[PDB]
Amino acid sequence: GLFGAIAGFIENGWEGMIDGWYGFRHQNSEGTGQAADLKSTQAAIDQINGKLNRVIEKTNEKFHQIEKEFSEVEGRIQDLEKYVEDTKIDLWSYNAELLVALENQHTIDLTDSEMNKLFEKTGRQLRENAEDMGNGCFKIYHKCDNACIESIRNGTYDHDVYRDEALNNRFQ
């Protein structure tokens, strides 16, 4: 995708994450654990629901039309009736092919984008108390117990609290 996260600097997905589309894995003093990020997950889902509902939006209702199958050879008029229908079908078939191509390219790019948005948001939360390893993982340079992780994940992590500690561990 355009943002280079999904199938990019993040090597692969997590089959184990079943409660969300994007989220967090951590290792600290107290062990390892996993949690879904709801906001990013919902942003992707809402956008996909949006496009799905636009695409399946019932556009047409038709009643008496032209005949499209014929039991006798007639020539000119029937040639025209068939050509009109064949022309229509090819144009609709093209629209359908193009629609899914554009939709799907965009769906991949937007999901890639939401991964990236969450990554950049987290980086910004952590300020000078962590560093980007380049594989979608931050090395946090301080004691971050389960309370501290959950604070990063739920948006309450004050960086000023751990700054002195983390700055020291970084610049050695």
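Position 1 is the first residue in the sequence shown; the rest follow in order. In this text, the rigid core denotes the largest set of C-alpha atoms whose superposition between the two forms falls within 1.5 Å.
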Task: Greater Cα displacement in 6 other deposited structures of this protein once the core is superposed, comparing 56 to 64 with 26 to 34 - done: 56 to 64
Task: Given 140 to 148 and 108 to 116, the range whose Cα B-factors average higher in the PDB entry - done: 140 to 148
Open item on the list: So, looking at the entry's B-factor column for Cα atoms, which has the higher mean, 33 to 41 or 62 to 70?
Closed with: 33 to 41
Open item on the list: Using the temperature factors of the C-alpha atoms in this entry, rank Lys121 within its chain: lowest, middle or highest third.
Closed with: middle
